[PDB]
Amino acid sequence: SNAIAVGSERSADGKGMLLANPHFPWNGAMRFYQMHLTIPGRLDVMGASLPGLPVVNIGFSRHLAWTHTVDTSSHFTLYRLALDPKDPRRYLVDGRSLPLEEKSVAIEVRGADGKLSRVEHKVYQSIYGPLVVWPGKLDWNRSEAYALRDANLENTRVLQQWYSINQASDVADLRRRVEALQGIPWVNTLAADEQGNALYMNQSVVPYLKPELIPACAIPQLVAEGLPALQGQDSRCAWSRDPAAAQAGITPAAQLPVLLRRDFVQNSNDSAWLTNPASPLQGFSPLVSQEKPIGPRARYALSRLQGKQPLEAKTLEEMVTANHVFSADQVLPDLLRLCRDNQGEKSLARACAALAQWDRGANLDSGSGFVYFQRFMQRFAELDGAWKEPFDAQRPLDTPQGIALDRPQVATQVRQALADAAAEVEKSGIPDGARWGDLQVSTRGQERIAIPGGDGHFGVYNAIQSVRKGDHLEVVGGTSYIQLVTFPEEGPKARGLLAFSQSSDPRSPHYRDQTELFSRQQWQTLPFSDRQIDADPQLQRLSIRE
């Protein structure tokens, strides 16, 4: 997901502005749905929500807009159990042998023959939660096992929390209402208000451990790869209690990152650290936020946002609809140079021409250069020490950058990666002169619709994740509900689309209408005032009761 909130110091009108570009699946239980909810006098909110939920999850009201992105915080911890050396169904805590508990569930299964059989399955549980086996990594042997304690299992506050956000007046009120209830499960919140405040919060439900406990309570090898893993044989590694927290064992709101500014805040699923580089967010629990290199979407956004020029609605819209493959900025200049250095080397000819002709974009009309660039980048990522300038903590915005072609082991490896990528691309059944839009589509009944955008891992702000199905890449998730909100005097002005359309049912009039619009990148008014609603020539109305 991306989010940018702009405030009075940087917007063209001196008021707030919010770009919400969440990235989520195009099917299933997290498929967004647009709606506007009004109890006249005390609620009026519009946005998009998830299946089954009678609250708005991302949206706007008369003076506020807010949105979310998945955070990098931990929302569970794994516990490594020391098993009783006499019995691998018991585990030790402070040297004392405890029995696992067993909970059986019974499932009915429909057979080949159409009849139902019953399958009983035993779930083993420790004081932390259920045990989990990941073969070759988290085993259950005679020495050790892993249990998993999820902090959102006790979060009974999540729906009240979004209903509360739906009733918020401005940024200050939003912050009070989120910090009071701590009901948000696993996303950042970013918002802007009419007064021109821009707010970022990493305010969610995060297992709390006091900082002095972390070094001995961590499992050093597992934390190395970012798994929140704790020592489950020591009772002092239990989540810490603090009576300021809304739920026993979670981090108090005062210890979670928040940034309130009048210029901008942004997040593209990196940690809180560089939400706005003029004010780094530092010093948090490693369960909360760490200073890691930022991915290419955030680098792209920060490259467009930094500086002193005003930001117009149009500028934020175009950061999405440009489909620029920002990862190309880091490697393609050096790559084309390798190409020039190897002319008439015939394995590389088609690849190098596609790359030089490429507009560096994931547009419907973008050339096959994008497909060569992707398969090359998949390989470049698995190479060691190939960056001309590697990640530099002191220049987190401009590094890594460039290919180390001045190191012969790299030039040989990079050339080989490009030959292997080019072979893969040529072995697939891509026509001559085919564009990105001829390949990446969303199926709608017996037809297909071309979809612009590409994987967020290549720095495309308009992130679109696809999978091979027959002769095409089929879109499965990415840009979903789009809302871009400003606050002119008459009432909030919101523009966007729901990329996959309102209805997942092929019979609906609203199965693909916004998808056709998304293909052509033509955003629309999101009508909110009764004046906007009444101006709509497709307006329909039904009143119902029972």
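The term rigid core refers to the most C-alpha atoms you can superpose between the two forms while keeping them within 1.5 Å. Throughout, we count residues from 1 along the sequence that is shown.
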| query | finding |
| --- | --- |
| Positional deviation of Cα atoms in 8 other deposited structures of this protein after core superposition, greater for 126 to 134 or 429 to 437 | 429 to 437 |
| 488 to 496 versus 34 to 42 - which carries the larger mean C-alpha B factor in the record | 488 to 496 |
| Residue range whose averaged C-alpha B-factor is higher in the record, 512 to 520 or 24 to 32 | 512 to 520 |
| Deposited CA B-factor, highest of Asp455, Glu154, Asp173, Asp471 | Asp471 |
| Per the PDB entry, maximal CA B factor within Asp341, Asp193, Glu108, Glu317 | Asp341 |
| Ranked C-alpha temperature factor of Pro215 among modelled chain residues, by third | highest |
| CA B-factor ranking of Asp150, expressed as a third of its chain | lowest |
| Third of the chain's Cα B-factor distribution that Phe76 belongs to, per the entry | lowest |
| Relative C-alpha B-factor of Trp387, binned into the chain's lowest, middle or highest third | highest |
| Chain thirds of CA B-factor: placement of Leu159 | lowest |
